[PDB]
Visitor: 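Structure incoming, see below.
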Amino acid sequence: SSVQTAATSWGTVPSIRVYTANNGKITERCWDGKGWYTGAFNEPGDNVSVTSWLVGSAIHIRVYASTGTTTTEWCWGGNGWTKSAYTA
Amino acid sequence: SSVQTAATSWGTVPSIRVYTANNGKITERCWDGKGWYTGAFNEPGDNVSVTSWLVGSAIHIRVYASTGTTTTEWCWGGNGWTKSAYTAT
Amino acid sequence: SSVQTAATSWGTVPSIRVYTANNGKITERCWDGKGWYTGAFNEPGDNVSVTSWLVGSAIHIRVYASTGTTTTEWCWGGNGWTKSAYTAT
Ligand SMILES: C[C@@H]1O[C@@H](O[C@H]2[C@H](O[C@@H]3[C@@H](O)[C@H](O)CO[C@@H]3O)O[C@H](CO)[C@H](O)[C@@H]2O)[C@@H](O)[C@H](O)[C@@H]1O
Ligand SMILES: C[C@@H]1O[C@@H](O[C@H]2[C@H](O[C@@H]3[C@@H](O)[C@H](O)CO[C@@H]3O)O[C@H](CO)[C@H](O)[C@@H]2O)[C@@H](O)[C@H](O)[C@@H]1O
Ligand SMILES: C[C@@H]1O[C@@H](O[C@H]2[C@H](O[C@@H]3[C@@H](O)[C@H](O)CO[C@@H]3O)O[C@H](CO)[C@H](O)[C@@H]2O)[C@@H](O)[C@H](O)[C@@H]1O
Ligand SMILES: C[C@@H]1O[C@@H](O)[C@@H](O)[C@H](O)[C@@H]1O
Ligand SMILES: C[C@@H]1O[C@@H](O)[C@@H](O)[C@H](O)[C@@H]1O
Ligand SMILES: C[C@@H]1O[C@@H](O)[C@@H](O)[C@H](O)[C@@H]1O
């Protein structure tokens, strides 16, 4: 068995976010040009994927966290992480 | 066990496509700014990844669907999904 | 069981790189507009993800290769692949 990761990046610095599903929990490591740090994202899941887009200089991120057949969408728009009503 | 997903997005609306491998079948959920809907993509696979690029406002998508060691490339270019001749190795 | 892939792309040609974890080894298939070929990337891993960004016309790629709880970051910036000091948590 191994952990399962997902990655996204933006700009040219770059900024990078790496998500890791490990024993039913997803955590986040972050690079903004000056070291890797532990990010605010921490939610349940056995599987993770991610996508992101910029609106001007502001990053928007969607993290799809799945356990069993249930997928939860987590949303970042600059002010914290919230789960949406997204339902597979 | 759990399902396995892959996601891609484009533009600033944005549009998002989320692919889910579940019991050997990959399906697709779609967002173009006005609700989530079930997409046209439905193909066999135990594993899925995706990438996409824009040419102007036209989206192009490649979905890599795997079973065993066999990886099949599915292509969207505005007018349906088609399997390419892509092979692993 | 099945292989596990990750994909990235850039520009409008486009270029595409597909990474596959297969029996503890990750390999790479490449498209630059003129056929699929086996890429330089070949490293151990049971799981792979990837991201890339352009700086002008130069592609930069990070591949995250995991075995157990150990994740290795492999870096391409035009001159070959090297591992960084990236350590999970
Ligand atoms: C996208 C977001 O990134 C981190 O959020 C932290 C936020 O970090 C960033 C900032 O340092 C960077 O240079 C550019 O933008 C980002 O938003 O910074 C604030 C403090 O200003 C907090 O530390 C945020 O946690 C992650 O922690 C988030 O989970 C998310 O990935
Ligand atoms: C990329 C494509 O998206 C869906 O295709 C549907 C298509 O949707 C899109 C459109 O509504 C959007 O605003 C921009 O581009 C797309 O083409 O719209 C037609 C009706 O106009 C059908 O609904 C298509 O199914 C998915 O269903 C496809 O699988 C694919 O992801
Ligand atoms: C990004 C890189 O791509 C391959 O590297 C090969 C390199 O390929 C590219 C070139 O042919 C293309 O038109 C645009 O840029 C790329 O860098 O070409 C050199 C010799 O010219 C070698 O063939 C490199 O191997 C992969 O092999 C790398 O692993 C990586 O994905
Ligand atoms: C881009 C969209 O952002 C919000 O409206 C979310 O609630 C949606 O589920 C989608 O991710
Ligand atoms: C970008 C390229 O598009 C088509 O030519 C496909 O047949 C290739 O396999 C590749 O995806
Ligand atoms: C963008 C950064 O590039 C190098 O500095 C690496 O050592 C980092 O881990 C990161 O990927």
Side-chain angles (χ1 to χ4, degrees), chain A residues 2-10 16-30 39-54 59-78 80-88, chain B residues 1-11 13-33 35-43 45-52 59 61-66 74 76, chain C residues 4-8 47-51 64 66 71:
Chain A
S2 89
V3 298
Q4 180 266 316
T5 70
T8 197
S9 62
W10 62 93
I16 311 172
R17 300 291 181 272
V18 180
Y19 301 87
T20 305
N22 176 353
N23 194 33
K25 308 184 170 207
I26 306 165
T27 56
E28 177 195 44
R29 292 288 276 178
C30 313
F41 186 84
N42 184 313
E43 302 297 346
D46 289 303
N47 177 259
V48 64
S49 67
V50 63
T51 193
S52 68
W53 62 97
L54 284 165
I59 191 58
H60 292 79
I61 316 174
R62 298 298 178 265
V63 174
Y64 298 92
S66 304
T67 297
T69 56
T70 306
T71 298
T72 302
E73 181 190 52
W74 293 94
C75 304
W76 174 275
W81 286 102
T82 57
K83 65 185 195 186
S84 72
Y86 181 96
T87 60
Chain B
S1 54
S2 90
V3 299
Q4 178 267 314
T5 69
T8 198
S9 60
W10 64 94
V13 175
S15 291
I16 306 172
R17 303 289 182 276
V18 180
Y19 302 87
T20 300
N22 178 11
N23 192 37
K25 179 174 83 150
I26 302 160
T27 55
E28 178 193 45
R29 292 284 278 171
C30 314
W31 175 273
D32 304 303
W36 288 100
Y37 64 95
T38 293
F41 190 83
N42 187 321
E43 297 300 339
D46 290 306
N47 178 262
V48 63
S49 65
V50 63
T51 193
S52 72
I59 194 58
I61 315 174
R62 300 293 181 269
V63 176
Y64 298 99
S66 308
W74 295 93
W76 175 275
Chain C
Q4 178 268 313
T5 71
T8 200
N47 176 263
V48 62
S49 65
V50 63
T51 193
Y64 300 92
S66 302
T71 297

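As a basis for the values below, the full set of heavy atoms in this structure was taken, side chains included, without hydrogen atoms, waters or symmetry mates. Proteins come first, then strands; the chains are lettered A, B, ... in the order of their sequence lines, and each starts at number 1.
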Visitor: Quick one: pull up NZ in B:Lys25 and OG1 in B:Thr20 and give me the separation to the nearest 0.5 Å.
Guide: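 Rounded to the nearest 0.5 Å, the NZ-OG1 separation comes out at 10.5 Å.
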Visitor: Once you round to the nearest 0.5 Å, how far does OG1 of A:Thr27 lie from CZ of A:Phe41?
Guide: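 One gets 9.0 Å once the value is rounded to the nearest 0.5 Å.
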Visitor: Any donor-acceptor pair under 3.5 Å linking the side chain of A:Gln4 with the backbone of A:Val48?
Guide: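 Yes, because the side chain of A:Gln4 sits within donor-acceptor range (under 3.5 Å) of the backbone of A:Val48.
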Visitor: Is there a donor in the side chain of B:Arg29 and an acceptor in the side chain of B:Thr38, or the other way round, less than 3.5 Å apart?
Guide: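 A pair is found: one side chain offers a donor N or O, the other an acceptor, under 3.5 Å apart.
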Visitor: Within the 3.5 Å criterion, strictly below it, is a donor on C:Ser66 or C:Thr71 matched to an acceptor on the partner's side chain?
Guide: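 Distance-only check passes for C:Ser66 and C:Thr71.
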Visitor: A:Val50 and A:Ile61: side-chain contact (heavy atoms from CB on, under 4.5 Å), yes or no, with the steps?
Guide: CA-CA 7 Å; A:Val50 63; A:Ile61 316 174; 3.5 Å; yes
Visitor: Step by step, work out the side-chain contact (heavy atoms from CB on, under 4.5 Å) result for A:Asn42 and A:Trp81.
Guide: CA-CA 9 Å; A:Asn42 184 313; A:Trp81 286 102; over 6 Å; no
Visitor: Compare every heavy atom of B:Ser9 with every heavy atom of A:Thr51, then report the nearest pair and how far apart it is.
Guide: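 Heavy-atom minimum between the residues: OG1-OG, 2.6 Å.
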Visitor: Provide the closest heavy-atom pair for C:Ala6 versus C:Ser49 in the form atom of the first, atom of the second, distance.
Guide: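 It is CB-CA, 3.8 Å.
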Visitor: B:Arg17: what forms a salt bridge (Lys or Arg N to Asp or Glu O under 4.0 Å) with it, not counting sequence neighbours?
Guide: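 Scan of B:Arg17 (salt bridge (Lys or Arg N to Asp or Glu O under 4.0 Å), adjacent residues dropped) gives B:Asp32.
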Visitor: Check B:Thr8 against B:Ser52 and note the closest heavy-atom contact, atom names and distance.
Guide: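 So the two residues come closest at OG1-OG, 2.8 Å.
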Visitor: Any donor-acceptor pair under 3.5 Å linking the side chain of A:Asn47 with the backbone of A:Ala21?
Guide: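 No.
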Visitor: Search all heavy atoms of A:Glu28 against all heavy atoms of A:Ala40 and return the closest pair with its distance.
Guide: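 So the minimum-distance heavy-atom pair works out to OE1-N, 3.3 Å.
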Visitor: Closer than 3.5 angstrom, by distance alone: can the side chain of A:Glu73 be matched with the main-chain N or O of A:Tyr86 as a donor-acceptor pair?
Guide: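 Side chain of A:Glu73 to backbone of A:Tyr86, a donor-acceptor pair under 3.5 Å: no, none is there.
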Visitor: Any chance you could lay out the side-chain contact (heavy atoms from CB on, under 4.5 Å) test for B:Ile16 and B:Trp36, step after step, and finish with the verdict?
Guide: CA-CA 9 Å; B:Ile16 306 172; B:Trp36 288 100; 3.8 Å; yes
Visitor: Run through A:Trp76, A:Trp10, A:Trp53 and flag the one making a ring pair (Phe, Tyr, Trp, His ring centres under 6.0 Å) with A:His60.
Guide: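 When A:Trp76, A:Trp10, A:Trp53 are each tested with A:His60, the ring pair (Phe, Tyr, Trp, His ring centres under 6.0 Å) holds only for A:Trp53.
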